[PDB]
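*Asks:* 3D model of this:
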Amino acid sequence: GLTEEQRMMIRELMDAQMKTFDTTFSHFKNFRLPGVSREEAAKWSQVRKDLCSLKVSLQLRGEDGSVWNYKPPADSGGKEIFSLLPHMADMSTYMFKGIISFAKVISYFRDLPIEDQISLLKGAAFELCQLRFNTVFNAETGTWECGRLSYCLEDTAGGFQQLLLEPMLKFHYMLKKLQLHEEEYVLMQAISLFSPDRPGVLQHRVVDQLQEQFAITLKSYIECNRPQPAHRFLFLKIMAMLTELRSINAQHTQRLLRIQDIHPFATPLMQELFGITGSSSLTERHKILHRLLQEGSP
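*Replies:* Numbers count the residues shown, from 1 in each chain. Dropping the coordinates below:
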């Protein structure tokens, strides 16, 4: 079995997940949709590469049974490559709010100093979003099922194997294949959130201790509820996936900064999370995050 401390830890994480993960996307409303001079050529050509890896069609199912399908344009060499950005910023911002709420209900996170709470969320927001998204990913259809909204991968000229080149996509297939429990996903979220080596973290030693205990709890969970030799290296596979997810986080941050630079699209919350200015302490540069963290949890 697990210790009482370990059981309590899992209960609190699952509680937090239950209160703050809108798994059917019922409250995601009022989002935007695609509508009805030399060294910049190098930036644009790089941003062209940064976007045309992640191409999705968008499906909107109506209450009444009707379906709207959006197929995105071919790259004719212009603004059209940006057409999904407002929508993606709205969806990202929505997911980030849920992750902030997640962190806030966890006792161990609230007890950290506010600047560390900010630093950890800046560090982990993308990672936790991707972990939540994996739970709605259908590997058979290549589709993220977000209630009435779905995002379907548009196949490129190589096929299924050529899409697996793109690290974010490979990650979602690999993680989905492990067939994790709800409890194992939420422990993954905790391990990522409580990363002691994120930029700006002051209480490194406390965060390290916390991370270690979440990891130990995951390892024990696996030993007790999948005790057969088949799952002997599952914990280590999960940790390797967290390491890969961290690499992907870094690449994605850089892409976002490049796109933002030539076509502004980040919402104010996204600007704070990713280090963009629109105008001295961590608290004054992150006023929205700070407000969201000090507000009481519904």
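*Asks:* Quick one: residues contacting the residue positioned nearest the centre of the chain.
*Replies:* Central residue of the chain (CA atoms, centre = their mean): residue 129, 2.0 Å from the mean position. Counting by CB atoms under 8 Å, 6 or more residues apart in numbering, residue 129 touches 92, 95, 96, 99. Just so you know, the C-beta spots here come from the backbone N, C-alpha and C atoms, and that holds for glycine as well.
*Asks:* how about those residues, which pair is most distant?
*Replies:* 92 and 99 (10.3 Å; CB to CB).
*Asks:* more neighbours, those two?
*Replies:* residue 99 (23 against 19; other CB atoms under 10 Å).
*Asks:* And the closest residue in space to the more buried one that isn't next to it in sequence, how far from residue 134?
*Replies:* Distances taken as CB to CB, 6 or more residues apart in numbering put residue 128 closest to residue 99, at 4.5 Å, once the chain neighbours are dropped. The gap separating residue 128 from residue 134 is 11 Å, by CB to CB, to the nearest Å.
*Asks:* Alpha carbons of the helix or strand that contains the residue nearest to residue 99, as CSV, please.
*Replies:* Assigned by DSSP states H and E, residue 128 falls within helix 114-135. Extracted in CSV, the C-alpha atoms of helix 114-135 (Å, rounded to 0.1, in the frame of the first residue of the first chain):
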residue,chain,number,x,y,z
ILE,A,114,4.1,34.5,-3.9
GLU,A,115,7.1,35.2,-6.1
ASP,A,116,7.9,31.5,-6.1
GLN,A,117,4.3,30.7,-7.0
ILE,A,118,4.7,33.1,-10.0
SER,A,119,8.1,31.6,-11.0
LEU,A,120,6.8,28.0,-10.9
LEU,A,121,3.7,28.9,-13.0
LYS,A,122,5.7,30.8,-15.6
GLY,A,123,8.0,27.7,-15.8
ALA,A,124,5.2,25.0,-15.9
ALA,A,125,2.1,26.6,-17.5
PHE,A,126,2.8,25.2,-21.1
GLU,A,127,3.8,21.8,-19.7
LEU,A,128,0.6,21.4,-17.5
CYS,A,129,-1.5,22.5,-20.5
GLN,A,130,0.0,19.9,-22.7
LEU,A,131,-0.5,17.2,-20.0
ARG,A,132,-4.2,18.1,-19.8
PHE,A,133,-4.5,18.2,-23.5
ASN,A,134,-3.1,14.6,-23.8
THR,A,135,-6.1,13.4,-21.8
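*Asks:* so how far is stretch 34-50 off the chain centroid?
*Replies:* Computed by CA atoms, centre = their mean, to the nearest Å, the chain-centroid distance of stretch 34-50 equals 25 Å.
*Asks:* whoops, stretch 78-96 was the one
*Replies:* 14 Å.
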